[PDB]
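Peer 1: Sequence isn't available, so here's the structure alone:
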Ligand SMILES: *[C@@H]1O[C@H](CO)[C@@H](O[C@@H]2O[C@H](CO)[C@@H](O)[C@H](O)[C@H]2NC(C)=O)[C@H](O)[C@H]1NC(C)=O
Ligand SMILES: *[C@@H]1O[C@H](CO)[C@@H](O[C@@H]2O[C@H](CO)[C@@H](O)[C@H](O)[C@H]2NC(C)=O)[C@H](O)[C@H]1NC(C)=O
Ligand SMILES: *[C@@H]1O[C@H](CO)[C@@H](O)[C@H](O)[C@H]1NC(C)=O
Ligand SMILES: *[C@@H]1O[C@H](CO)[C@@H](O)[C@H](O)[C@H]1NC(C)=O
Ligand SMILES: *[C@@H]1O[C@H](CO)[C@@H](O)[C@H](O)[C@H]1NC(C)=O
Ligand SMILES: *[C@@H]1O[C@H](CO)[C@@H](O)[C@H](O)[C@H]1NC(C)=O
Ligand SMILES: *[C@@H]1O[C@H](CO)[C@@H](O)[C@H](O)[C@H]1NC(C)=O
Ligand SMILES: *[C@@H]1O[C@H](CO)[C@@H](O)[C@H](O)[C@H]1NC(C)=O
Ligand SMILES: *[C@@H]1O[C@H](CO)[C@@H](O)[C@H](O)[C@H]1NC(C)=O
């Protein structure tokens, strides 16, 4: 019974860590975009449209 | 027997959803690139080489 | 002792709206400022509840199927409704549960009773007439407790038979509405859990006569049936259930 | 349509809700991507005849 | 706290180590993200005490001296509008230091143009 | 840290190596009041006991039964169980108990047993082969016996067929010893089945009257109303203890609570369905259950090529519950806090950083 609970909770924890890694990749992409906007719009004047 | 079938089909569905999330992240990156090209090549003239 | 009541007036039963009544606490757990979704035998919101009258000449004491549970609502003045009749065949072949509130106390007995065809109590204008049974042969459980009890009082009851446990939930509400069920919210507290362990498929209300033949005092009661469904219950800061959502009523509450 | 399967599946909790939520997020993300790429103008311009 | 559960969990190997290491990588990646976004200047600039900018008003974006958090009114409104083995690690940069970084960037881009981003 | 990293050399940085636990110190079991006791005083110590052909059957139900008082009594000369254990009667739960009380002879005390064949077993009181419960018997020569002979205790001597288990027979039909017709008329070979005992004070051990109470247990689908007693201990607050409240167990710090429960409510839950409030069953007071201060143990070190000095960070742990410095990240032990500001070398968190120059924070 404890083995059943262990494999269920381990599957839940692996699912949580996997979706956290995917969201971390998305947030890293957004933060790289934000650093690019910090460099190009705040620290200078950008010719790039929109 | 249904416990074995349920854990097999749930593992298959979780694998499918994880692959779909990774491919959706890739397509989101490609679409952000395409929106950048739409802004900077169509709506303006770009000095960025290639 | 049994007496046939032969001065009744024939009338079909009525129906009315349940509104948002019949909610009770699903468990013994305090909850603070949280929304709790629970799966239990609940009474549907705005449902079709069977309406029975006692007025003068109406005296509604039939036997109805129990199903999975009974919601009993009582718009009561001068204490006409005194108890209920619980069993399967309502004879000495099976074992039946008796709930009575006479002039002194409440008595709960699980025995092999011989029910009358027309069981009632009686008040002489002083309670001096008990004709609800003729025998009591094999008792397994007896329990004497504190008394539970224009229409002035509103009495809600929920009876459930789950895993041999008899749950009685109740709430006392001061109302001033004349005829129908009032519209509002009141969650029923758990009063007493009974270890009965018996089969129950049919039920019957117990009324009281007024003697001064017989006269029926002005009373009205309501029977609703509990169905397995989901409620989203809202718990306030003080921990009382102030609002509920029936998840299968309409798509908005879904 | 097996009700015994769903009764056993309710013992595993909210895995199915998680998968439906992830697929719904992907489904609205595709419409967000198309909205971001192609709807960069609020005026529908027309060429001269 | 069940020791039999941990004895059975040791049969599965180093799954817990992998989960902890992945979460540690995410946790240091968040601090790296904040470092790359906000810490683009190594000089902490201040505006002059006299706000003579030729009619241009920056009071809604410059830090408010009356507030103890040293935030701008816009930043204060932004911070007001956002509302079992589990631990939450605090971020490496506090909100006061992120506000200090944004104040330095604002002072640099107001008093010095784009020159502070390319040199002195 | 070398054990965690599986290496003999440690690079400069902070490494989460272990998990600090506030170890539970005591065990607190609080169980409600032991009231509504089973009426064993009117069965074992009644005024007059019954005969064995008409043994009195008392139904013990809807009560808590203290078998430790019955078992620790030294007056009982026989305490033999055949389906349960005597030391586990206070732990097990049963639906109901049937108490069969009678008086027999001292030589017939062994005849109340499964598989035992005797006159009392065949004609007066029969036990099944799968009998569960305990037989209790004690001497009653000072009470039942009379100097003129106590003839009130009768017993059945003759019947055509043996008893079924738990079967009574109070009939007074005249037995047919031979094959002669008897219409209830006594003759040469027709005798009355119930004979009286010869209990006198001059008889020795074996002919003295023994009072026997036989407890039989039922384990049907009815709820187990009959349970053993619960030994509740004292309540200890403000410490990380193992609490056991009415079958709900756990580990936590039990502090006073400002949550006013409604009288029907016993436990309290937060949003995340964790028990954070509870009512003590002995005294109706509300207690908050704060989880013990678990934390992550992180080791802050430079390179082992540089130095072997380390600092320990207990994450989210106050410094009074473990060169001691309190940070918002937790308690940092082994680093000297300085008022100067430098660049971040080893990140601690919440604006705190550590460096080596000894280890300073
Ligand atoms: C009250 O009326 C009921 C129904 O008419 C009576 O019940 C019947 O009694 C007769 C009397 O022998 C029986 O033969 C029937 O089988 C009964 N019917 C049912 C459905 O039980 C009842 O006896 C009447 N009460 C009195 C006191 O006479
Ligand atoms: C710059 O803008 C601020 C805010 O718009 C001005 O401050 C206002 O001044 C008037 C009169 O002095 C007050 O009635 C308002 O209450 C002020 N607003 C706030 C938010 O404090 C300020 O005068 C402007 N000019 C300069 C030179 O700072
Ligand atoms: C309630 O039931 C009765 C009979 O079944 C029916 O005539 C009536 O219309 C129902 N009321 C509602 C509101 O459905
Ligand atoms: C009420 O009922 C109980 C048991 O049925 C009985 O003992 C008591 O006397 C009754 N009260 C009156 C006033 O008759
Ligand atoms: C039930 O009652 C009947 C008659 O009163 C009796 O013959 C029978 O033995 C009883 N059964 C039990 C189990 O008490
Ligand atoms: C309860 O009674 C009903 C009708 O008398 C019967 O159909 C059902 O099988 C009974 N249930 C049990 C568990 O005996
Ligand atoms: C909660 O109780 C307090 C009294 O302690 C009362 O003032 C307040 O109105 C109550 N709130 C609700 C929603 O009933
Ligand atoms: C239970 O026992 C305690 C003993 O300290 C006593 O104070 C209390 O009044 C008793 N009753 C209840 C209902 O708690
Ligand atoms: C008689 O037996 C009962 C068994 O429940 C016991 O409680 C009581 O103390 C006994 N009487 C005496 C005088 O010991």
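Peer 2: Cool, got the structure. Residues are numbered from 1 along each chain as shown, chains lettered A, B, ... in the order given. Ligands and ions are numbered 1, 2, ... in the order given.
Peer 1: Give me the nearest residue to residue F:4, chain neighbours excluded.
Peer 2: Of all residues not flanking residue F:4 in the chain, residue F:17 sits nearest, at 4.4 Å (C-beta to C-beta, 6 or more residues apart in numbering or on different chains). C-beta coordinates here come from the backbone N, C-alpha and C atoms, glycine included.
Peer 1: any residues touching stretch F:194-206, and which ones?
Peer 2: With contact meaning C-beta atoms under 8 Å, 6 or more residues apart in numbering or on different chains, stretch F:194-206 is reached by F:53, F:105-107, F:141, F:144-147, F:149-157, F:172, F:207-209.
Peer 1: What subset of those is buried?
Peer 2: Among the contacts of stretch F:194-206, those classed as buried by 16 or more other C-beta atoms under 10 Å in any protein chain shown are F:53, F:105-106, F:141, F:144-145, F:150, F:153-156, F:207-209.
Peer 1: Tell me the one of the residues you listed nearest residue C:159?
Peer 2: If you rank the buried ones among the contacts of stretch F:194-206 by distance to residue C:159 using C-beta to C-beta, residue F:53 comes first, at 44.2 Å.
Peer 1: measure the closest one to ligand 9 for me?
Peer 2: In this view, residue F:53 and ligand 9 are 25 Å apart by C-beta to the nearest ligand atom, to the nearest Å.
Peer 1: ok, that residue - contacts?
Peer 2: Residue F:53 makes contact with F:123, F:124, F:154, F:155, F:156, F:168, F:169, F:170, F:194, according to C-beta under 8 Å, 6+ apart.
Peer 1: Distance to ligand 6 and secondary structure for the residues you listed - can I get that in JSON lines?
Peer 2: As requested, the contacts of residue F:53 are exported to JSON lines (distance: C-beta to the nearest ligand atom, whole Å; DSSP: H, G, I helix; E, B strand; the rest coil):
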{"residue": "F:123", "distance to ligand 6": "37", "secondary structure": "helix"}
{"residue": "F:124", "distance to ligand 6": "36", "secondary structure": "coil"}
{"residue": "F:154", "distance to ligand 6": "41", "secondary structure": "strand"}
{"residue": "F:155", "distance to ligand 6": "41", "secondary structure": "strand"}
{"residue": "F:156", "distance to ligand 6": "37", "secondary structure": "strand"}
{"residue": "F:168", "distance to ligand 6": "28", "secondary structure": "coil"}
{"residue": "F:169", "distance to ligand 6": "32", "secondary structure": "coil"}
{"residue": "F:170", "distance to ligand 6": "33", "secondary structure": "coil"}
{"residue": "F:194", "distance to ligand 6": "41", "secondary structure": "strand"}
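Peer 1: of the residues you listed, closest to ligand 4?
Peer 2: Nearest to ligand 4 among those is residue F:168, at 29.2 Å by C-beta to the nearest ligand atom.
Peer 1: Quick check: the closest one touching residue F:52?
Peer 2: No - Residue F:168 is beyond contact range of residue F:52, at 10.2 Å (criterion: C-beta atoms under 8 Å).
Peer 1: out of those two, which sits in the busier spot?
Peer 2: Remark: of residue F:168 and residue F:52, residue F:52 carries more neighbours, 25 against 13, as counted by other C-beta atoms under 10 Å in any protein chain shown.
Peer 1: Can you give me the neighbour number for residue 3?
Peer 2: Picking chain A for this. The tally of other residues near residue A:3 (other C-beta under 10 Å) stands at 12.
Peer 1: The intended chain is chain C.
Peer 2: Residues lying near residue C:3 (other C-beta under 10 Å) number 15.
Peer 1: cool, residue F:332 as well?
Peer 2: Residue F:332 has 25 neighbours, counted by other C-beta under 10 Å.
Peer 1: swap in residue F:8?
Peer 2: Residue F:8, neighbours per other C-beta under 10 Å, totals 7.
Peer 1: Which of the three states applies to it?
Peer 2: Recorded secondary structure, residue F:8: coil (DSSP: H, G, I helix; E, B strand; the rest coil).
Peer 1: from memory it sits against residue F:1, does it?
Peer 2: No - counting by C-beta under 8 Å, no contact exists between residue F:8 and residue F:1, whose distance comes to 10.8 Å.
Peer 1: what's near enough to touch the closest residue to residue C:179 other than its chain neighbours?
Peer 2: Spatial nearest neighbour of residue C:179, excluding adjacent residues (C-beta to C-beta, 6+ apart): residue C:220 at 7.6 Å. Residue C:220 makes contact with C:51, C:52, C:53, C:54, C:55, C:75, C:151, C:179 under the criterion C-beta under 8 Å, 6+ apart.
Peer 1: So which residues on the stretch 201-350 of chain F come close to ligand 8?
Peer 2: Residues of the stretch 201-350 of chain F lying close to ligand 8 (C-beta under 6 Å from any ligand atom) are F:282, F:283, F:284.
Peer 1: can you map out the helices along the chain?
Peer 2: Looking at chain A here, since you left the chain open. A:2-37 (DSSP state H).
Peer 1: my bad, the chain I had in mind was chain F
Peer 2: Going by DSSP H, chain F shows helices at F:2-5, F:41-44, F:67-72, F:119-123.
Peer 1: what's the answer for chain D, then?
Peer 2: Going by DSSP H, chain D shows helices at D:3-9, D:15-38.
Peer 1: How about residues contacting the last one?
Peer 2: Read that as helix D:15-38. The contact list for helix D:15-38 (C-beta under 8 Å, 6+ apart) reads A:12, A:15, A:19, B:10, B:13-14, B:17, B:20-21, B:24, B:27-28, B:31-32, B:34-35, B:38, D:9.
Peer 1: Geometric centre of the chain: which residue is closest?
Peer 2: Since you didn't name a chain, this refers to chain A. In chain A, the centroid-proximal residue (C-alpha atoms, centre = their mean) is residue A:24; its distance is 1.8 Å.
Peer 1: The chain in question should be chain F.
Peer 2: Chain F, centroid-nearest residue using C-alpha atoms, centre = their mean: residue F:91 at 3.3 Å.
Peer 1: Is it correct that it is in contact with residue F:228?
Peer 2: Yes - the pair residue F:91 / residue F:228 is scored as a contact, 5.5 Å apart, by C-beta under 8 Å.
Peer 1: residues near residue 47, how many?
Peer 2: No chain in the question, so chain A it is. 12.
Peer 1: should've been chain C
Peer 2: Each residue near residue C:47 was counted by other C-beta under 10 Å, and the total is 19.
Peer 1: Need phi/psi at the spatially closest residue to it that is not a sequence neighbour.
Peer 2: In this structure, residue C:47 finds its nearest non-sequential neighbour in residue C:18, 4.3 Å apart by C-beta to C-beta, 6+ apart. With angles defined as degrees, to the nearest 10, residue C:18 shows backbone torsions of phi -80, psi -20.
Peer 1: ok, residue C:18 - contacts?
Peer 2: Contacts were defined as C-beta under 8 Å, 6+ apart; by that measure residue C:18 touches C:43, C:44, C:45, C:46, C:47, C:48, C:49, C:181, C:224.
Peer 1: one more time with 7 Å, if that's ok
Peer 2: By C-beta atoms under 7 Å, 6 or more residues apart in numbering or on different chains, the contact set of residue C:18 is C:43, C:44, C:45, C:46, C:47, C:49, C:224.
Peer 1: Out of those residues, which is nearest to residue F:256?
Peer 2: residue C:43 (38.5 Å).
Peer 1: pretty sure that closest one is touching residue C:19, no?
Peer 2: No - shown here, residue C:43 and residue C:19 do not form a contact pair, counting by C-beta atoms under 7 Å, at 10.5 Å.
Peer 1: So if I had to pick from those two, which one is more boxed in?
Peer 2: Ranked by neighbour count (other C-beta under 10 Å), residue C:43 and residue C:19 place residue C:43 first, with 25 against 16.
Peer 1: For residue C:69, grab the count of nearby residues.
Peer 2: Residue neighbour count, defined by other C-beta under 10 Å, stands at 21 for residue C:69.
Peer 1: For residue C:253, list the residues it contacts.
Peer 2: By C-beta under 7 Å, 6+ apart, the contact set of residue C:253 is C:245, C:246, C:247.
Peer 1: List buried members of the residues you listed by neighbour count.
Peer 2: Counted by 16+ other C-beta under 10 Å, these give C:245, C:246 as buried.
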